[PDB]
Every structure is written in C-alpha cells, then in structure tokens.
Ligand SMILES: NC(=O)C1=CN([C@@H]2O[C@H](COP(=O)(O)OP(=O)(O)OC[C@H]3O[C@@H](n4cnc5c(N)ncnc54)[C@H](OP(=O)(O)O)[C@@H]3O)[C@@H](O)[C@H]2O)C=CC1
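In the form solved without the ligand, a lone chain appears below as structure tokens.
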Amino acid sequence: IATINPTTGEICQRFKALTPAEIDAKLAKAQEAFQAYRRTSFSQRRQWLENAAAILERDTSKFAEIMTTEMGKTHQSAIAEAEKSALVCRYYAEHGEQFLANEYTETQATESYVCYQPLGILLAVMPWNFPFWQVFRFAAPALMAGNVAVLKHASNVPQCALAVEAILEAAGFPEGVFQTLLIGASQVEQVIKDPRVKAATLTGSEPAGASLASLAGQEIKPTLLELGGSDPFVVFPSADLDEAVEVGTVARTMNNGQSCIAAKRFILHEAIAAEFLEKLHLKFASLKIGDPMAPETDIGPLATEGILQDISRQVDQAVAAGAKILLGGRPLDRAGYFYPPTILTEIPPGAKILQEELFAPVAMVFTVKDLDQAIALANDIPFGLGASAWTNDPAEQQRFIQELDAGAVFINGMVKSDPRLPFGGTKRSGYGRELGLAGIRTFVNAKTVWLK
C-alpha cells in the first residue's frame, strides 16, 4: 500500500497494512455502530449525506489533486469526479426515503406490505480508476439505507481511501458507520468470512470479482459485481459523423482510457468508415499528452507500471499477429507511465486481443456491411457492459436498443453513468445494478409483512 505518483514514478508515501486483529476490531466496531445506526431517522442520514456533498462541492480541487497525484487522471476530470460524487450523495439524500417506503399489496390481510430494512455490514472492494466516484456511488445509498460499510480500496489509492472516510466523519456520520481498511487483496477473505459481514460489492477486474463472489457464495452472502467491458461504439450512415467522432474520442480517451464503459471497439458501417476513421485518427493525433495537473492536458500517464506493461504487450502481440498501427502503439520515452492514444485496424480474425479489455487509450477499429453484422460483431465478446450506436433511422435505433447485449445502450451519445438511472453489466461484465432505485434496493432486506 503506497502512493506512487504515476507522472514521475516517485514513491511518495508508504502505509502499514492492518493486521487481522485490527481488521477484526474494525468489524466489531462496525457491528456496534450498525446496532445504533439502523435506528437513526432518514432525517439524520440525509443531513450527514448532504453535509458530505457540501464538503465535496467546497473542496473539489483539493480532492482532485489527491486523485491526480495517486492515479494520474487529469486534475480537471478529477474535479468533475468530485462533483459527480457530491451529486450521487444528493441523489440518495433526496430520494432514498421514498425509494425505501413501504409498498402495500391487497390480500386478505388487514395489512400486507413489503418494507425495506438494512442488512448490516457491507464490504465494498473498489478500484483505482474512479477512486472517489465508485466509492460514493456505493456509499451514499448504503448509508441512506441504514447499512454500515467497510471499504477495501485499491492499494495504490490509499490517500483517496482515507480522504473518503475523513469526508464522511466531517459530515457527521457516527464512528464505525464507514471505515476504510488499509488492506491488501489477500486480506479480503477474512472480511467476507466474518459472520458480521452480510454482503459484498466489487467494482474492478474479473480475477478479483471471481474471488470475492466465489468466497461470498460459499458463505451464503449476496453480491454485486461491476467488472470490465469492451463496449462497442457503432456508427452507421445516417449518423452525425462529426459529433460521433468528437464524442467517440472522449469516450475512448477519458480517464486516460481507464474506464469499464470506455468506447473500446469502433464498429463502422463501410459507407462512412473511411471518413469516420480519418476524422478519428485526426482527433486522437492532436490530444495533449502531459502532466495531468495542467488544465490543458487531455492524456496523463496510465495509473501503474503494470497497466503500462500490460497494454504494451497486448498491442505488441496484436501487431505481431498482423494488426496495423494507424497511430501510437508504443510507450512514450519519458518519465511516468505514459502510453499514447493508439488506433489499431485490420486486426486478424482469432487474435486474442479481440476478446480482451484494453484499459488504456487504444481503439480497435472494424468495418461492417450491414446492421446484422454490426450487432453480431458488437456482441461477439465475453463482456456486456455498455454499448453506443449512432444512427438516425428509427428502425435501426430500435434494433440496436433491443439486440445489443449490454446493460446499457446509448443512441447518439456516449455511455455515461447518471445517478438517475440504474447502471450495471451483463455476461462477464457482472450482475446487479447500482444507481437509481436499484442502487438502494440491492443490499436491503425486503421484508414481507402480513398482519391479520
């Protein structure tokens, strides 16, 4: 566990991992805190949640600086991330009570209904790519519902993880209601196996998700998994090509490419493919690469040396197999974990890269002849998180919405998460839904009540 600045490669601060006894103590405190917290009114929970939003709104730039220092996303996008974190806090403050209200059903009972009560301690395992937003997206509905939470964050964002706890303390949430665990991957098993821990959620990669979900399953505990994707970005002949290029560039390259809902595979109808690809090539070519603290920077370094090594190998093996590099394709010769915007075309059938997630600003480009082929290619992956399609023909729009195998389908816009709408994957991208009503209903006991 350490802050290692990906712009410079410099080790900034090291942190001591908790021992199992210290983890046990935090779980005991969480259990004690839950006994009182489950009895708090929504008014108190809402006050603390809104206080947390106000803290985020006031100090966005400082919090963003922590994110940029630890994991390399641009300071400007980290500001947006702090703002979005405040937004999901306000969303559940504003809707959470209504969302958990008794739902009555007529039977022969005098009263029969479902009510919603918290489960208890929730474990969250969160990733480094959106180190505030992913946490608040889970924490806001969790706390509004009356659960308490323990967070295991990525080992390379300890200052972010400590800051989230500090924000919630300053907001007024009682001690033990939210606790950051400075622990490594190997220490998560103890938490899942603890009898006081009632559920677990993980956002991240498949190996971590498979471990958490298998362990939780053995313990008869519910989970939600939000994993990776290789989202298609399909562009058809009636699209606004210039808008699709601009938005597609943002979708692939935002957060230095490190997003589960990045546009990763561009699927271009042959009628517009030459024009779109040239324009995409031009847009990628002029993105500004540099220090993520500088407001003009588009592309900072990748978050870790491991990510850099992995994308470099993935691209190298694709090229050796016969893929063409239209742009980029090689780590930059400078301090920090820098990889340039890259476009790969003519990828040979059966190349392994076709089935992998590219967690870096590297677009794969394909040409298709018609709607059926576009849909087939779009779905021909193990993942199924988001999908974007560009067309102004209503019949094509409806087929894309109906037939793209993803948890989210956006027509004429890039896939984005929004607190107002549920968000989650299908296939190997996971299961369960965050945000909207779903986010606060996932980890509650839906208790059926029947009164004669």
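In this text, residue numbers run from 1 along the sequence as written.
Below, we refer to the form deposited with the ligand bound, which is not included among the displayed structures.
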{"property": "Complete contact of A154, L202 and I307 with the ligand in the bound PDB entry (any heavy atom, 4.5 Å)", "result": "yes"}
{"property": "Selected contact from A140, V148, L227, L302, since only one has a non-hydrogen atom within 4.5 angstroms of the ligand in the bound PDB entry", "result": "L227"}
{"property": "Heavy atom within 4.5 Å of the ligand in the bound PDB entry - residue from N129, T367, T223, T253", "result": "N129"}
{"property": "Partner-proximal stretch of 245-253, 70-78, 289-297, 154-162 relative to the ligand in the bound PDB entry, 4.5 angstroms, heavy atom", "result": "154-162"}
{"property": "4.5 angstroms heavy atom contact with the ligand in the bound PDB entry for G184", "result": "yes"}
{"property": "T345: touches the ligand in the bound PDB entry, heavy atom cutoff 4.5 angstroms", "result": "no"}
{"property": "Exercise: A351 in contact with the ligand in the bound PDB entry, heavy atom 4.5 Å", "result": "no"}
{"property": "Contact test in the bound PDB entry: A323 vs the ligand, heavy atoms, 4.5 Å", "result": "no"}
{"property": "Residues in 339-362 with any heavy atom within 4.5 Å of the ligand in the bound PDB entry", "result": "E357, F359"}
